[PDB]
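Taking the form deposited in one PDB entry, here's one chain by itself in structure tokens.
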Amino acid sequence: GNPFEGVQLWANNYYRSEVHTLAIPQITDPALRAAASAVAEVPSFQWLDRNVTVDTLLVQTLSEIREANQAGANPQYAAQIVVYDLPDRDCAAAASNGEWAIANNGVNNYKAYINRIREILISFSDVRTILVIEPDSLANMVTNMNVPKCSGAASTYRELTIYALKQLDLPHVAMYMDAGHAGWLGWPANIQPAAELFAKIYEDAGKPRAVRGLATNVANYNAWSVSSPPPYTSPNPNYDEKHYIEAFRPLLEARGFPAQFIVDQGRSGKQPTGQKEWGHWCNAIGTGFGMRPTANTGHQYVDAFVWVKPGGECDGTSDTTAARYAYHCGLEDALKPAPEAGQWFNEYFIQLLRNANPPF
């Protein structure tokens, strides 16, 4: 019952046109240009990380897929969407672009957001829809509760996650909850508390049919499988996503949640990366496009390799005067100068293209 089996993944026209209009005209290497045209067709997730995206991007994407499917696509296309707008978002981060706050009607705002997404998904029940639920949320409950904002947000994160899981439990949907990455939850000491947390949420949500499992490495750079531990991973024995997932799944399953995984590989092709520390997430140097999206993972715990963060779209500005500036985006191992989050960062795209593995 793998939701990635038996469908094509939609490659959206926003990314395609960023590559064709902004990137390709700047490439002076004939080989790099050809590879860019290929990357434009690789299907990546689209992000509902601001409320305004619900009645715009989500509707537009689902309408375009419906049209392609009604025109005879074989196999049918599926949508890939990230739900990312919890109140007090990113609780352990020094800076966040989240728009809502628990202290300022954020619970109600979030429930309304989920309710509206549900309405739209019900109207597009002919489009198989794969969701990643809330990057950078519950993984903080495992390791970052010492941060006062995380201790304060934890009960709300749990309650609103349960809400989302129940509300978005629709027959044509598959959901994967974010579960960090090997350098977050994969440390041996964190695996059991993570398993307890996620399995209990699954149980408390009533084990909804649509909850397929967990998503890892979202918008991060870890290898699926590398033969040598990158230096910034030491001394974690679970230094890639395969190690993490193989240690984590049995603990989850023993607690009633036989979670299947999807693994972001969109910026994982070059290993080791140029990260100086594993927690350096923003516009990291020394990275490349990784394994293309596929259901044919070879691994029974992994439904798919995916591209959740679309490589080339900026993670955050390096403009330190900007209100939304995050200090991680100004580190030595972040590519600079970088535009606002989500804006096209052509120099980053070209880095990823040059470093792609497998090559395009």
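When you see a residue number, it is the position in the sequence shown, counting from 1. Basically, rigid core = biggest C-alpha set you can superpose within 1.5 Å across the two forms.
This next part talks about the form deposited in another entry, which is not shown.
After fitting the rigid core, tell me which of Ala68, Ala295, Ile27, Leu57 has its Cα displaced by at least 2 Å between the shown form and the other one.
Just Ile27.
Large Cα shift (2 Å or above) at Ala36 between the shown form and the other one, core-fitted
True for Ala36: a C-alpha shift of 2 Å or more.
When the two forms are laid on each other by their rigid core, does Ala326 show a Cα shift of 2 Å or more between the shown form and the other one?
For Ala326, whose C-alpha is compared between the shown form and the other one after core superposition, the shift is 2 Å or more.
Core-superposed comparison between the shown form and the other one, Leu9 Cα displacement 2 Å or beyond
Stays below the 2 Å threshold, so no.
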